[PDB]
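Understanding the architecture of this molecule
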Amino acid sequence: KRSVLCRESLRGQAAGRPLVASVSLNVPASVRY
Amino acid sequence: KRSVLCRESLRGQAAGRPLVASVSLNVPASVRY
Amino acid sequence: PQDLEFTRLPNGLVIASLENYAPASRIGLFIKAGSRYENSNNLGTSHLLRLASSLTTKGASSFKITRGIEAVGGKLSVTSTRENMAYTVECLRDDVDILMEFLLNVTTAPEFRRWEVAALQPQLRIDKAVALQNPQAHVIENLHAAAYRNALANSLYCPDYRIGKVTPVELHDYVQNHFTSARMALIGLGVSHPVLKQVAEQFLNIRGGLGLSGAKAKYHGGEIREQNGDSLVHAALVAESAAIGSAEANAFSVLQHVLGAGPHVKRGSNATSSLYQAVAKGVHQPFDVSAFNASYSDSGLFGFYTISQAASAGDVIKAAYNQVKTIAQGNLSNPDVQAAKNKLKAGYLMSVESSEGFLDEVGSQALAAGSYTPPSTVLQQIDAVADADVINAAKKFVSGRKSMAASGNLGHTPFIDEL
Amino acid sequence: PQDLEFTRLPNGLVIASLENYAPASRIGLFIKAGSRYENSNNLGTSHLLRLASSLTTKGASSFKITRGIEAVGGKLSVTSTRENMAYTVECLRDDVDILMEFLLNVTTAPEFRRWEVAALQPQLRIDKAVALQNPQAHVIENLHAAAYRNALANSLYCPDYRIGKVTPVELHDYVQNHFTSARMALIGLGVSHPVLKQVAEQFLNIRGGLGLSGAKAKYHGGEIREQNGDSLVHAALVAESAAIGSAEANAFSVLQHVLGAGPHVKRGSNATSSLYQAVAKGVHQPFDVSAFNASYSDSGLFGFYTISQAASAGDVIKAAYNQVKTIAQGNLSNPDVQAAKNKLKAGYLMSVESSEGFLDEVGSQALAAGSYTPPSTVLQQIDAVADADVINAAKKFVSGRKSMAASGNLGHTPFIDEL
């Protein structure tokens, strides 16, 4: 968990073709937009 | 878990004064309507 | 022989008593704290409070408390409602006094010690797990949080994320604000009122206004859906019932019973239950359906409950609706209302045919009204319901904001727009 | 040097290729199976499928498959969304053949062994757990399940109650019905199209029509609310956006950006962001907020996301709304649309300035249209949006069925009726 106290917040989702694209790879792994 | 396959189970809630009354006791414990 | 005897004091706490014939006496202090009295920051506190009844308190150590009641064969049960919290106390005629002093410590002298409260914590999970074994509880809970927004939408069991986070000042605060004089009602089933009062007067005088938790009501239609892997699916469909102890309410209750399907016969099927008949005809072989009826101080919830299998969920669900629509279209013959009524009347009487039942009934009334309404009177009120009245109420479910909760494989469960 | 080269076969699978200069080639078979393809009885099987990509298949044992790619320093990514499932495969120019024969096994020859699939199961929880660490994921997820009723309201992550219950036949059936010729698009970033085709022809010819899962769209306004103990609260407010690759949609995108607050500057505040400005003025010091914009084949979701504190939740939430109301009242000057536009254009270009980006963009388009639209053309389309058009689309949010999802202490979070 990472503290979200300041102005820094800048997360909200909206891309061109992809939207809420979840990756699972044999090596790496993640969640985008 | 008790199987609820047949015409036997009617359970539905609605009493006079009490409605969904939950009781906790050392001797006993339960959930009524 | 002697009938009950209520008495409102200067504090505003009620107290009743019935010296019965038989050997067993049972006190029970009903404090007005339900689940509805917690906020976003205080949720789960009554739950823990309910489970922490045997902890050390100012005059009696957790050990003495427990060992003491055991000594004499007594039982200490706390009943918690979304609106109220009955703290029951059974024992033998001779031992009330040893027992009462226990009830008083537990309730007015709790000492939540960091270490003691902490070891409890884990109990919450164990308790939640065992009551979440009946679909009825998670659905019925899901229902209340969907249908309400703020107060009664709070559930009786502590939210998974809160469990260990329940802190001792929380418990202390909750007791202090809610476990007070104005919100209390003593009730004895085998004690002297004269001696009861004295005690009441000596130990139950604490100040605390209502709503330091955030009291208020509000209904909001909403749907909570919980997918499972279980063959069977349960769902509840419910619209703002009428409020507690009011005519509309009462009407609802009677209506409830015209459809209400709580079997009165072992292995027997209802002939009387309309819902069941109608559902049945359009439904498969194995299925279970029951009417639902809840009434609280500042709002209610009326509608039905279904238990269908995967593919049958909708068919049953609509079926049941359609039938209750019928009564709302006006279609309801006199012969069925009178049956209903008598069904109800018989039930309320059997409800109170036991000590435990009676004691609940009485305390219950003391927190609502302020006095004991006798059975007869009760019986009269239910009879006053008009055959139309019932229809009219019914008209209100069909034409009242919907709010549903289901569990299981939801491929075939109607949404709000589905019905 | 050579631009891409699409080719629809008799099967209906799409294939592209770009012999690039640089050392790194990356194949990616995008099969059309998103999370929207499961039913009440099938939910969580894409999730498991996503996580089972290294299991034994017909030609290659789990051991060979993983040690094989290691051998050569490759990576095998299996990405999925609610509509699609990209199976990525990176590796060195010289090793694509060793690698491709891996992708083919993994995708057309899966052998889900009771024992192997059983070991995985627990991985689902671990995976779910780590992804649910970001409030964004559970809220975003909850959003989809409230705004939809049937297909796109299915989440990406296996439902808690299903985890161990995802059976082998389930995986085998999902592959079979969805991992088929008509739904597939090969895509190379450093491979020969001539040699790609050959292979595509030899290995990707399988039959399976759409919707054996139960395809169809539908939007339904709803609110899912998750209480927590966390100071901060997140909430989404969204109404039906326009569909994928349509004019309305595009419009939305451009409007999105007029308010859209994804910081373009480290430690920097937006001066451009209307939402931010407006919110900011009526809001406290610490907060953050952004325009949300989703578009899928058969519906969209447009609206904003908020991150406030417990008592600001409303203020923020409304503030945001009000401002987006402003644009729908007509109030929007030309200067801001052109900036927006150029913001968007810039964005798209950067989005495709990477191999991984490009390869996604390409595949993506393959599944929607059936060909590759060049960037330029893309760019033209976005420009065509009218300054009014934007407003008009914005009109639609304000006058479109609302659907919201929040987390945290929800004392101060507006309900539907609140706004």
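Scoring rules and cut-offs
- Residues numbered from 1 in each chain as written, not as in the entry; some residues may be left out.
- Chains lettered and ligands numbered in written order.
- Part of a larger assembly, values for the part shown.
- Heavy atoms only, no water.
- Residues with missing side-chain atoms left out of burial classes, pairs and counts.
- UniProt positions renumbered as here; feature names shortened; annotations may be inferred.
- Helix = DSSP H or I, 4+ residues; strand = E, 2+ residues; numbered from the N terminus.
- Contact = heavy atoms within 4.5 Å.
- Nonpolar A, V, L, I, M, F, W, Y, C, P; charged D, E, K, R; others polar.
- Pairing = 2+ DSSP bridges.
- Axes fitted to C-alpha atoms, helices over the stretch in contact; angles between N-to-C directions.
- Parallel < 35°, antiparallel > 145°, perpendicular 65-115°, else oblique.
- Left-handed = near helix turned anticlockwise from the far one by under 90°.
- Least-squares fit on C-alpha atoms.
- Domains from an automatic or database assignment.

Looking at the PDB entry, one finds chain C named Cytochrome b-c1 complex subunit 2, mitochondrial, with Bos taurus as its source organism. The heading Subcellular location in the UniProt record of chain C holds the text "Mitochondrion inner membrane".

Attention shifts here to the overall build of chain A. When helices and strands are tallied, chain A shows 0 helices and 2 strands. Taking the principal axes of the C-alpha coordinates as reference, chain A spans close to 35 × 25 × 10 Å.

A few words on the overall build of chain C. Helices and strands together make up the secondary structure of chain C, namely 15 helices and 10 strands. Along the first, second and third principal axes, the C-alpha set of chain C runs to 60 × 50 × 40 Å. Taking the contacts inside chain C whose residues are at least 6 apart along the sequence as the reference set, 77% of them involve residues at least 24 apart.

In this section: the interface of chain C and chain B. The interface of chain C with chain B comprises 20 residues on the first partner and 19 residues on the second. Taken together, the elements giving at least two residues each to the side of chain C that touches chain B come down to strand 3 (75–81) and strand 8 (288–296) of chain C. The element contributing the most residues to the side of chain C that touches chain B is strand 8 of chain C, with 8 residues. Across the side of chain C that touches chain B, the residue classes break down as 11 nonpolar, 7 polar and 2 charged. Taken together, the 5 bridges between strand 1 (residues 21–25) of chain B and strand 3 of chain C define a ladder with antiparallel strand orientation.

Further remarks concern unusual backbone geometry. With phi around 50 degrees, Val20(B) is a residue other than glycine that occupies positive phi space. Topologically, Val20(B) is positioned in the segment before strand 1. A positive phi angle, near 70 degrees, is found at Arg267(D), a position not held by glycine.

Residue and element names in this part refer to chain D. At a minimum axis distance of 7 Å, the contact between helix 11 (residues 313–329) and helix 15 (residues 387–398) shows a crossing angle of 130 degrees. Here helix 11 lies oblique to helix 15, going by the angle between them. Here the hand of the crossing between helix 11 and helix 15 comes out left-handed. Contacts from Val 324, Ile 327 and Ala 328 in helix 11 reach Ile 391, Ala 394, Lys 395 and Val 398 in helix 15. By residue class, the composition of the contact of helix 11 with helix 15 is 6 nonpolar, no polar and 1 charged.

Residue and element names in this part refer to chain C. With 8 bridges connecting them, strand 2 (residues 24–31) and strand 4 (residues 85–92) associate as antiparallel partners. The partner of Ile 27 across the bridge, within strand 4, is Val 89. As defined by bridge partners, strand 3 adjoins strand 4 across 6 bridges and the pair is classed as antiparallel. Within strand 4, the position partnered with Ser 80 by the bridge is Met 85. A loop of 3 residues connects strand 3 with strand 4, the two strands running antiparallel in sequence.

Each copy superposes on the other: chain D lies on chain C with an RMSD of 0.1 Å after a rotation of 179 degrees and an axial shift of 0.7 Å. In symmetry terms, the pair is related by a two-fold rotation axis. Counting the interface residues of chain D, we find that 83% of their copies in chain C are interface residues as well, pointing to one common contact surface.

The next thing to look at is the domain arrangement of chain C. All names here are of chain C. Here chain C is described as being made up of domain 1 (1–207) and domain 2 (219–419). Using only C-alpha atoms to locate each centre, domain 1 and domain 2 end up separated by 29 Å. Opposite the 9 residues of domain 1 that make contact, domain 2 presents 9 residues. Looking at side-chain class alone, the side of domain 1 that touches domain 2 contains 7 nonpolar, 1 polar and 1 charged residues.

The chain pair with the greatest number of contacts, out of 3 pairs of chains in contact, is formed by chains B and C. One finds no contact linking chain A with chain C; the least C-alpha distance across the pair is 15 Å.

Below, the discussion takes up the sheet that holds strand 9 (residues 299–309) of chain C. All names here are of chain C. Across the sheet, 5 strands lie side by side as 6-10-7-9-8; this open sheet has mixed pairing. Each of the sheet's edge strands pairs with one partner strand only, and the pair in question is strand 6 (223–227) and strand 8. The sheet shows a mean angle of 10 degrees between the axes of neighbouring strands, taken without regard to direction. As paired strands, strand 7 (residues 232–239) and strand 10 (residues 404–408) are joined by 4 bridges and run antiparallel to one another. Of the residues in strand 10, the one forming a bridge with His 234 is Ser 407.

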